[PDB]
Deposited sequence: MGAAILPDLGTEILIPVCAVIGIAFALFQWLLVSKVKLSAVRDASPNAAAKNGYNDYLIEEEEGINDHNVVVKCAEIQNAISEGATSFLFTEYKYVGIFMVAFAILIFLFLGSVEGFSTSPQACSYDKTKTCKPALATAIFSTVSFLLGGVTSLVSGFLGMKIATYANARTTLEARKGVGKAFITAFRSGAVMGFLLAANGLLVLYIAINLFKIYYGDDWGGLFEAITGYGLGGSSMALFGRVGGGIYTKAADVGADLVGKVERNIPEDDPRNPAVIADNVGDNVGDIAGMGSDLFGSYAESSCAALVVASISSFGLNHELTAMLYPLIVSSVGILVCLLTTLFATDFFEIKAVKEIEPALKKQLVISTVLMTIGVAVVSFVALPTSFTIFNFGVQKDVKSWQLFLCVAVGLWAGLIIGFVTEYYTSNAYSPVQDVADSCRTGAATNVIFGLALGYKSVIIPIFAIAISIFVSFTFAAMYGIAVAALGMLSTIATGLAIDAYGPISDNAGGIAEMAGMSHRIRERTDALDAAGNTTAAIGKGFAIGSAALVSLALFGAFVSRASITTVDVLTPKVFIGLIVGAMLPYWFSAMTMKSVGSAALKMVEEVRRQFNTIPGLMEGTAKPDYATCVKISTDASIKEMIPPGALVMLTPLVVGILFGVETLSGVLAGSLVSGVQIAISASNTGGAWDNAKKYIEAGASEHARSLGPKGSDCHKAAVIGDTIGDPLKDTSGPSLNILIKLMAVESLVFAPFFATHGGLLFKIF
């Protein structure tokens, strides 16, 4: 009937867990504030701090500019939501029959047009705040982990990891607390209409990912224009070290890590968290939980996320307190232990939550029919996504860490030049999709079979249930990356850079793992939302063999390529400009190459700024307008096909791009470290094998930091966007077919 945990217990447990997470983030920041520096050894400390500030200012300054354009576009788009959703019942103010049950009376559509607009703006704001907080902690932790590197890898690891945990706990706890509050606020207006309530709440996911789209693309173009320009002139052309202060692009580069890899990705992951919770809420709201107004069972997804914060806090302790890194080969294994521990504990967590927060039987909406489901089946839906995630992590590690043969062979292929390096790296990323796809399909089959779109949605959330940790291991990498850049720029000892290099290479693997979790969960939520879209738009069958569905399927499968085209070329063009800028400085400013004059950092910052702010617009436009263009002109059947093809096609290029790029970076890192004889035989730095590895690395740079990771957003965003506009498309869409 109803569950062991009462509605009130749930109303308390969720925000408590949120505050536990925020508290624990604040505590970790406090620990990290113990490492001291300012700009007012000791000369070294002053240099770190001066470098931290330059970076800190650059990141702040670009986010402010980027957030200004995105906030304006957000406001415009919120108006389209209001207008389009408001037009379904001609802006009437009267109630009408429930979309989900014509025998009942529901709040007016116009109202849901307003609360959708509201949840949208909430999600956009929470997304910018996610990116921004992430950027604040990263640009605060970077120099601190550099200084801690003076004491050994282990101490630097620890401060990079605590700081990632600050980012992970703040975003997980925050995205959860804001949703919970918005649900409770909305419920005041909605009453017994839970359908209209969680329909309205859907705009939150749409707000998260809409903003994430620009954050990832804008940041991604800023950082990679710099990265490529810096590394090419400096390492390939001039034979100076990576991240050398004579290099005019290096500040842009390191600012880059913070505005892309940190702020773009914090947004992106908030988008994933939000869409997944929303997808689950929407199907539950017209299932037994929502129809019977059972609030615990209804908020099962938030209860899972709540218990996930607890599990991740416990998990974090293993890497920060219970264990110490003494040898570099211990870094990658430690990060991985974080995944294994959280997954195991979280399986326990989800079982307890399922025992306590669900009745043993209930029904789940299934394309018009109430399907009988058991709490043990729903446990299995969350679990399969949770384990699918771990699988994806293990395979990604295998294909991107330089501790294994796929990356070692890519490095090796450098002996025959850049061409063979690239060909091997491309083959590696292609090859890498196989198992993650099987994992995704298995977890689709199981969750779909057990609980239809609800099953699939909470399998997406299961995959993201350990997101505080996931964000911790990922945020850890750009912090480490900056740390080594500050070392080189501070003039510090050769062996400080060796330590940070080793943290950094582990970070490379870890970034590829986050992209995997983001692609796996995007595939799952997007499928759940596609199905919810189909119901909400009153389509009886999405029949692949009809002209409308098929042209949607093939065109939708083209979109990820069109998107990749724009974003690769933006980076290509901007990087070309950056190389010319860097060259100009080295060739023209007397004493630059000799270390006696200062480079002009601001000109490189500007090339990145201009290119990104300008070139983020078409890809953003492509993704946000496609559902509106196709929904209005062609209709819901054709958009159905678009969503299916973009999902299935988009994930392939997304996985292969990220793993290719990750593999070229770590192959280059392998040569740079010379930690085995095979690795030493490709060296030293500046060797022909090394330069071939650098060429691969910088082709990989836009693949994995601009186009690849954003593709997961192209897919999940079109999908929520379609669902939110479903009533409008069902009613007023399909124009070309109405006319002729």
| item | value |
| --- | --- |
| Segments lacking C-alpha coordinates (deposited sequence numbering, starting at 1) | 1, 42-66 |
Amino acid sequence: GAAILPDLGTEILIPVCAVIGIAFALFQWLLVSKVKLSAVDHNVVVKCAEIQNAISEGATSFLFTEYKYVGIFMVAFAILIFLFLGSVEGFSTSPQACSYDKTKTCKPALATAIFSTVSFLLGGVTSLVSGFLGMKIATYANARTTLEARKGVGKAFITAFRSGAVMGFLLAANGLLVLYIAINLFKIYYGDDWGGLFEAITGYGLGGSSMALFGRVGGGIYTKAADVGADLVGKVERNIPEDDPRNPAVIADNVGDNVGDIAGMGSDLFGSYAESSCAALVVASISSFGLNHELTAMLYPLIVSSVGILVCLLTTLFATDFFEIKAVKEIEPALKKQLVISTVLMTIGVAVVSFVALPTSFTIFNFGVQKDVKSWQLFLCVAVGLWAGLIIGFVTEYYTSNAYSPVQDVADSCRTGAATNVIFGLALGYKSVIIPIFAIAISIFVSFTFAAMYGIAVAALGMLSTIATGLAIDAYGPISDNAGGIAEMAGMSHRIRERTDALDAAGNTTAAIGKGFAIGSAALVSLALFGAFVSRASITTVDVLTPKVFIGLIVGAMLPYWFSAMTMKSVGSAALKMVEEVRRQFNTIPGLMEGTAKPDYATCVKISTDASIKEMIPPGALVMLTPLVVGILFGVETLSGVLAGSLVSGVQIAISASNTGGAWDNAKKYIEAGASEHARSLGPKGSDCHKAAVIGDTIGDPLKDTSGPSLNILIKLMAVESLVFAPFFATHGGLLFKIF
From here on, numbers count along this sequence of modelled residues.
item: Given 314-322 and 663-671, the range whose Cα B-factors average higher in the PDB entry; value: 314-322
item: Stretch exceeding the other in mean C-alpha B-factor - 107-115, 520-528; value: 107-115
item: Which of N712, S56, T706, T698 ranks first by CA B-factor in the deposited coordinates; value: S56
item: Member of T93, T638, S570, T546 with the greatest C-alpha B factor (per the PDB record); value: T93
item: Ranked against its chain, the third holding the CA B-factor of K431; value: lowest
item: Modelled-residue ranking by C-alpha temperature factor, third containing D610; value: middle
item: CA B-factor placement of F24, once the chain's modelled residues are sorted into thirds; value: highest
item: Modelled-residue ranking by C-alpha temperature factor, third containing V422; value: lowest
item: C689, C-alpha B-factor rank within chain (lowest, middle or highest third); value: middle
